Structures are given as C-alpha cells and as structure tokens.
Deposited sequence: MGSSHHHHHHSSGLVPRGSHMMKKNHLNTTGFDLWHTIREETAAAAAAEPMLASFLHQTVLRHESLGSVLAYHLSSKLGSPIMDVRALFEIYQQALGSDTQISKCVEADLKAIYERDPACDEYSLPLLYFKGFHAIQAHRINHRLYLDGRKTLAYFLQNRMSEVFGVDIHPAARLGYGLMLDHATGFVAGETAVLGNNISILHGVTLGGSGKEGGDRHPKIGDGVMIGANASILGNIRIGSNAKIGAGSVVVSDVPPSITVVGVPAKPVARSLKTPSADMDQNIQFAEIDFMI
C-alpha cells in the first residue's frame, strides 16, 4: 500500500481482479474503471452515473465533471488514502472509490464548489439537491473543504454555506456543521486540521473548532473549542485533552 506507490495502478489491479471474480459486474468495472486512463476520468464517470437523471444527462454531467482545478484531483487522492488509513473496513483503495457514499458526496461537492465559484449557481443548486437525494448528504456549494477528509457512512451529513473545513478531518454520519440566525454572513463552523467528529454531533454557529480537537458522538457544540481538546455532551463541555504532546507521552522509541 501507500504506507509501505502508484494509487491509480493499484486501483486498476484491484478492479481487474474484481471483474474476473464477478461476471455480474465485469462490464460495469470495465466501463467505469478499466477503460479509463486516469483516476479523475473514472471519478467523473462514476459520479455522473450516480447523479445523472432525466433532466441532467449522464453524458452532459460526465463532460462537466471531466472539465472540472487540478487541485481537486490532488484532494481526491488524499481523501482515498485517508480512508484506507483510518477506516478498518477499507483494505482496498477501489472500495471507497466505487462504493463509499461519503467519498462520493465529498468529491461531488468539490466539483460543485468549483461550478459555484465559476458562477454556475443554478447548476450547483440543482446538483446540491441531487446529492442530497441520492447520497443523503446536504453540502452547500459555497462550503470549503480541505483535503484528506473522510466522511464515513455519510447519511445525514449537513454543512452550510459558510462552513470551512481544514485538512485531515474525520467525520461520521449524521454530523451537522450548521448555521444560526436568519441573516447572511459567517454563521457556520470553521473546523481546524486533524479534528475528529463522532456520529450525529452538531456544531452550530460561527464558531471555531481548534486543530486536533475531538467532538464526541452526539455532542451539540455552540461555543469555540480550543485545539487539542475533547468535548462531550448536550451542550458539549471540555472533558479531556484529545492528543498527548511528546513531552507528556515520554515515548523514547527512535526506530521508525
């Protein structure tokens, strides 16, 4: 794997094996993965498969997705490696690529965010709605998402217009990065690097979640959370430090 490497080449090897083992899916795997020359082309194809509709032709969606910021494709690879690292249900890179709804919703949003920043708001709203119907995930096209993100299970995830997510964040299903008040402007959470958010937690308002903080499942967070702090409860309260500094751990290993 990538921790001991060509991601695209490994996905091709996993997929050709799956196609050989499952004749039911051979032509799906060949048309979605093997006939393509790059991971980005595969992703555009598979995402258009998911979100295409009578209104929005899969071919038209596929072309738009292919035409979409080479930074997006760098985030995609980081996201895939993050899932491999952090999700014990994932032992193959092609498993989230083809079958993890939260991975799909994140990458669909990245493209949606580009279309929205390009001024194609009606199209982005149409696709925001389609993502919510098909993936059970509602991300406002203006939300800004860093790389190395994992959205495990995904169902019920909500992130609003002014939400900002840093890098290497892990999020469970049912999580809300929600707004407060009836006025526009900054009103959704900003999440620092390294944060973990447990299932069905809510983070509400224009509050900051510090780097490497941990939000326990079921928490309702309505105030800032300092870096390296764990919060729990309804409403959420600091209960522990989420990570130990080297000076606290005193780990003397120097091998690796």
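K.L.:
Going from the first residue of the deposited sequence to the last, where are the unmodelled runs?
P.N.:
Coordinates drop out over 1 to 24, 29 to 31, 96 to 98, 287 to 293.
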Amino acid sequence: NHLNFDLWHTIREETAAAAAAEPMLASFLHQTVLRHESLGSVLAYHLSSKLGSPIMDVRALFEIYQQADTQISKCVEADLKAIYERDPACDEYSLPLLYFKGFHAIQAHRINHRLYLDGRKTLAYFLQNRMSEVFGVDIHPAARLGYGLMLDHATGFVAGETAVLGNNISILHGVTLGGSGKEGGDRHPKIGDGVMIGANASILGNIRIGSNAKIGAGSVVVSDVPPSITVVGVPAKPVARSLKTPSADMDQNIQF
From here on, numbers count along this sequence of modelled residues.
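K.L.:
Looking only at CA atoms, which has the higher mean B factor in the entry: 73 to 81 or 125 to 133?
P.N.:
Here the higher of the two C-alpha B-factor means belongs to 73 to 81.
K.L.:
Can you let me know which of the two, 168 to 176 or 181 to 189, has the higher average C-alpha B-factor in the entry?
P.N.:
It is 181 to 189.
K.L.:
Can you tell me which of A217, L51, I55, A44 has the maximum CA B-factor listed in the PDB entry?
P.N.:
Most elevated C-alpha B-factor of the set, per the entry: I55.
K.L.:
In terms of the chain's CA B-factor thirds, is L39 lowest, middle or highest?
P.N.:
Ranked within chain, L39 CA B lands in the highest tercile.
K.L.:
Which third of the chain does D118 land in by C-alpha B-factor: lowest, middle or highest?
P.N.:
Middle third by C-alpha B-factor.
K.L.:
Sorting the chain's CA B-factors, does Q67 end up in the lowest, middle or highest third?
P.N.:
CA B-factor rank for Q67: highest third.
K.L.:
Hey, what third does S228 fall into on Cα B-factor, ranked over its chain?
P.N.:
For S228, the deposited C-alpha B-factor lands in the highest third.
K.L.:
Ranking every modelled residue in this chain by its Cα temperature factor as given in the entry, which third contains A199?
P.N.:
As the PDB entry reports it, the C-alpha B-factor of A199 lands in the lowest third of its chain.
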